[PDB]
Amino acid sequence: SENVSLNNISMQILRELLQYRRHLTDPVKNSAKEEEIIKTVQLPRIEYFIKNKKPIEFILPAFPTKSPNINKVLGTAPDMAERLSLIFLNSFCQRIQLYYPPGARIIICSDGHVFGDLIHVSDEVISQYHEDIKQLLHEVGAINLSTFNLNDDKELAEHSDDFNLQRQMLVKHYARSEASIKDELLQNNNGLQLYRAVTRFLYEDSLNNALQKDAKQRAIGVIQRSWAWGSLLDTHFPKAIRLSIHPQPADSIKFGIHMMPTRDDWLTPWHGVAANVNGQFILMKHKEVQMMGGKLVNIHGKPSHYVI
Ligand SMILES: [C-]#[N+][C@@H](Cc1ccc(O)cc1)C(=O)O
C-alpha cells in the first residue's frame, strides 16, 4: 500500500515546518492540540504534491518594503536581516530535498505596491526595494525562491506608470468592504490581535491620539488591501501551501512562519535591523538596538547590521 511511506514523507515536511512556527504565545494554549489540529489541516495539501511526485509549493507574501521610521529600521534598502531570512528560506527548501528529491519552492510575493500609499512609502522607493530583493536572491544563489509581482497578474495592464491604476483594479475585483473587514477582525481573538498589531506598527512608523486614530483607520485599509493581494494569490496558486509572516490560528489554512530568531511574533525584517548578540543574529528594532551598546557594521558601504 505504501501510504504509510507517503505519510512518512509528508509528516517529515510538516514536522520541519512546525519547528519554525510563528504564533501567538500563550501558556493557556496546549500547543500539542494546536499541532494535532495543524496536522489535519496541512498534511493533505502537502500530499497533493508528493502524490504527483512534484515539488512542494509554498506561497508567502512578504518583503513589501522597508519601514519609513529611521527609528524602526536602518535604511531604505534591504539590510542583513532580509539577507539572512532569504538565506534561511531557500535552505529550508533544500533540507526537504534530503527527504524528498523534487524538493520545495517558495514564490515570495511582493506586498509593496499594494498598500504603499497607506504605509506612506513612495511607489518609487518600493520599486527599488523590490529590484534589490531580487538581486539579493541572485547574489545569494537562493535558487528555490521565486518572486511574484503585482505586474505579474494578467488583468492589471502592466501599469508600471500608474500603480494607483493597479491599486484600484485590485480593490474592485478582489477586495471586501472595510465594513465587512472590521466585522471579521472583531469576531475572534485572532482578528482582534491582527487589528492591534497593524495599528501599532502604523503608529510606530509615524515618528498623537489623532495619529492613533489615523492608524486605526489606516489599519482596516492596509488589512483590506493585504487580504485582496491574498485572494489574487488565492486563485493564482490554489494548491500551494500558504505561508504567512503573521501569527496564525491552528485552524487556518495559512501557516505562520518565522525567518530569524526574534522576541516579537509580529516583527519582520522590513520592520527591524539584524543584530549579532552573543554570536547569534537577532531581529530587534533599530532604536532599541541604539540604546543597546550596538556598533553598526556596514557592507558594500550601505550598513548591514549592528554587532553587540
Ligand atoms: C502585511 N504587512 C506589513 C504591513 C506594513 C509594511 C511596511 C510598513 O512600513 C508598514 C506596514 C507588515 O505588517 O509587516
# chains A, B, ... in the order shown; residues from 1 in each chain; ligands from 1
$ residues_near_ligand --ligand "ligand 1" --cutoff "8 Å" --atoms "only C-alpha atoms and all ligand atoms" --output "NGL selection string"
:A and (61-69 or 111-112 or 115-116 or 119-121 or 197-198 or 201-202 or 205 or 222-223 or 226 or 245-246 or 266-268 or 270-271)
$ select_by_dssp --residues "stretch 48-261 of chain A" --states "alpha helix (DSSP H)" --output "PyMOL selection string"
chain A and resi 48-51+80-99+112-119+123-140+163-174+178-187+189-205+209-236
$ closest_residue --among "A:105, A:239, A:22, A:182" --to "residue A:221" --atoms "only C-alpha atoms"
A:182
$ closest_residue --among "A:125, A:6, A:220, A:24" --to "residue A:53" --atoms "only C-alpha atoms"
A:6
$ residues_around --residues "residue A:165" --least-positions-apart "3" --cutoff "12 Å" --atoms "only C-alpha atoms" --output "list in words"
residues 113, 114, 150, 151, 155, 156, 157, 158, 159, 160, 161, 162, 168, 169, 170, 171 and 172 of chain A
$ atom_distance --atom1 "atom CA of residue A:230" --atom2 "atom CA of residue A:95"
27.5 Å
$ residues_around --residues "stretch 9-12 of chain A" --least-positions-apart "5" --cutoff "7 Å" --atoms "only C-alpha atoms" --output "JSON, numbers by chain"
{"A": [43, 46, 47, 99]}
$ closest_residue --among "A:77, A:104, A:253, A:175" --to "residue A:133" --atoms "only C-alpha atoms"
A:77
$ residues_around --residues "residue A:96" --least-positions-apart "5" --cutoff "12 Å" --atoms "only C-alpha atoms" --output "JSON list (two decimals) with N, CA, C and O atoms, in the first residue's frame"
[["chain", "number", "residue", "atom", "x", "y", "z"],
["A", 9, "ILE", "N", 6.71, 10.70, 4.48],
["A", 9, "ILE", "CA", 7.33, 11.84, 3.82],
["A", 9, "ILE", "C", 6.65, 13.14, 4.24],
["A", 9, "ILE", "O", 7.30, 14.05, 4.77],
["A", 10, "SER", "N", 5.33, 13.23, 4.04],
["A", 10, "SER", "CA", 4.64, 14.48, 4.31],
["A", 10, "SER", "C", 4.75, 14.88, 5.78],
["A", 10, "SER", "O", 4.83, 16.07, 6.08],
["A", 11, "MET", "N", 4.80, 13.90, 6.69],
["A", 11, "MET", "CA", 4.97, 14.22, 8.10],
["A", 11, "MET", "C", 6.36, 14.76, 8.42],
["A", 11, "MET", "O", 6.52, 15.47, 9.42],
["A", 12, "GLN", "N", 7.38, 14.38, 7.66],
["A", 12, "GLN", "CA", 8.69, 14.98, 7.90],
["A", 12, "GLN", "C", 8.69, 16.45, 7.47],
["A", 12, "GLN", "O", 9.20, 17.32, 8.21],
["A", 13, "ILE", "N", 8.09, 16.77, 6.32],
["A", 13, "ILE", "CA", 8.00, 18.16, 5.86],
["A", 13, "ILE", "C", 7.17, 19.01, 6.82],
["A", 13, "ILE", "O", 7.47, 20.20, 7.05],
["A", 14, "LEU", "N", 6.10, 18.44, 7.37],
["A", 14, "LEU", "CA", 5.29, 19.15, 8.36],
["A", 14, "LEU", "C", 6.06, 19.33, 9.65],
["A", 14, "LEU", "O", 5.99, 20.39, 10.28],
["A", 15, "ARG", "N", 6.78, 18.30, 10.07],
["A", 15, "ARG", "CA", 7.50, 18.39, 11.33],
["A", 15, "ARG", "C", 8.60, 19.44, 11.25],
["A", 15, "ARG", "O", 8.86, 20.15, 12.22],
["A", 16, "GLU", "N", 9.24, 19.58, 10.08],
["A", 16, "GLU", "CA", 10.22, 20.65, 9.90],
["A", 16, "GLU", "C", 9.57, 22.03, 9.96],
["A", 16, "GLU", "O", 10.07, 22.94, 10.64],
["A", 17, "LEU", "N", 8.49, 22.23, 9.19],
["A", 17, "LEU", "CA", 7.71, 23.47, 9.26],
["A", 17, "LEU", "C", 7.40, 23.84, 10.70],
["A", 17, "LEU", "O", 7.65, 24.97, 11.13],
["A", 50, "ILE", "N", 3.26, 15.44, -3.16],
["A", 50, "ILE", "CA", 4.03, 14.20, -3.14],
["A", 50, "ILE", "C", 3.38, 13.16, -4.05],
["A", 50, "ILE", "O", 4.04, 12.55, -4.89],
["A", 55, "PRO", "N", 7.42, 19.06, -6.75],
["A", 55, "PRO", "CA", 7.98, 19.75, -5.57],
["A", 55, "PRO", "C", 6.85, 20.27, -4.69],
["A", 55, "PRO", "O", 5.73, 20.49, -5.15],
["A", 56, "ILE", "N", 7.15, 20.47, -3.42],
["A", 56, "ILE", "CA", 6.19, 21.11, -2.53],
["A", 56, "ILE", "C", 6.19, 22.60, -2.81],
["A", 56, "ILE", "O", 7.25, 23.23, -2.80],
["A", 57, "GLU", "N", 5.02, 23.17, -3.08],
["A", 57, "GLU", "CA", 4.95, 24.61, -3.45],
["A", 57, "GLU", "C", 4.48, 25.43, -2.25],
["A", 57, "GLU", "O", 3.43, 25.10, -1.69],
["A", 89, "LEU", "N", 15.13, 30.80, 4.10],
["A", 89, "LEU", "CA", 14.00, 30.23, 3.38],
["A", 89, "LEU", "C", 14.47, 29.24, 2.31],
["A", 89, "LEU", "O", 13.96, 28.12, 2.23],
["A", 90, "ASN", "N", 15.44, 29.66, 1.49],
["A", 90, "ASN", "CA", 15.97, 28.82, 0.43],
["A", 90, "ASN", "C", 16.62, 27.55, 0.98],
["A", 90, "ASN", "O", 16.56, 26.49, 0.34],
["A", 91, "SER", "N", 17.34, 27.66, 2.09],
["A", 91, "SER", "CA", 17.89, 26.49, 2.76],
["A", 91, "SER", "C", 16.79, 25.60, 3.34],
["A", 91, "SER", "O", 16.91, 24.38, 3.36],
["A", 101, "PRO", "N", 13.23, 14.11, -3.16],
["A", 101, "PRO", "CA", 14.11, 14.64, -4.22],
["A", 101, "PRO", "C", 13.53, 15.81, -5.00],
["A", 101, "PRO", "O", 14.29, 16.74, -5.32],
["A", 102, "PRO", "N", 12.24, 15.83, -5.37],
["A", 102, "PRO", "CA", 11.77, 17.01, -6.12],
["A", 102, "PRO", "C", 12.05, 18.29, -5.37],
["A", 102, "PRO", "O", 12.38, 19.31, -5.99],
["A", 103, "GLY", "N", 12.05, 18.23, -4.04],
["A", 103, "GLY", "CA", 12.39, 19.38, -3.24],
["A", 103, "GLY", "C", 11.20, 20.26, -2.92],
["A", 103, "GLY", "O", 10.06, 19.78, -2.91],
["A", 104, "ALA", "N", 11.47, 21.56, -2.71],
["A", 104, "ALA", "CA", 10.44, 22.52, -2.34],
["A", 104, "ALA", "C", 10.80, 23.91, -2.86],
["A", 104, "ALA", "O", 11.97, 24.27, -2.94],
["A", 105, "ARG", "N", 9.78, 24.68, -3.23],
["A", 105, "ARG", "CA", 9.96, 26.02, -3.75],
["A", 105, "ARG", "C", 9.02, 27.00, -3.04],
["A", 105, "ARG", "O", 7.92, 26.63, -2.63],
["A", 144, "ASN", "N", 15.72, 28.07, -4.96],
["A", 144, "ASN", "CA", 14.35, 27.62, -4.74],
["A", 144, "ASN", "C", 13.37, 28.78, -4.60],
["A", 144, "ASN", "O", 12.15, 28.58, -4.73]]
$ residues_around --residues "residue A:58" --least-positions-apart "4" --cutoff "8 Å" --atoms "only C-alpha atoms" --output "PyMOL selection string"
chain A and resi 104-107+240-243
$ closest_residue --among "A:72, A:130, A:45, A:287" --to "residue A:147" --atoms "only C-alpha atoms"
A:130
$ residues_around --residues "residue A:262" --least-positions-apart "4" --cutoff "10 Å" --atoms "only C-alpha atoms" --output "MDAnalysis selection string"
chainID A and resid 258 266:269 274 281:284
$ atom_distance --atom1 "atom CA of residue A:252" --atom2 "atom CA of residue A:194"
13.8 Å
$ select_by_dssp --residues "stretch 60-129 of chain A" --states "strand (DSSP E)" --output "ChimeraX atom specification"
/A:60-62,104-110
$ atom_distance --atom1 "atom CA of residue A:122" --atom2 "atom CA of residue A:218"
16.3 Å
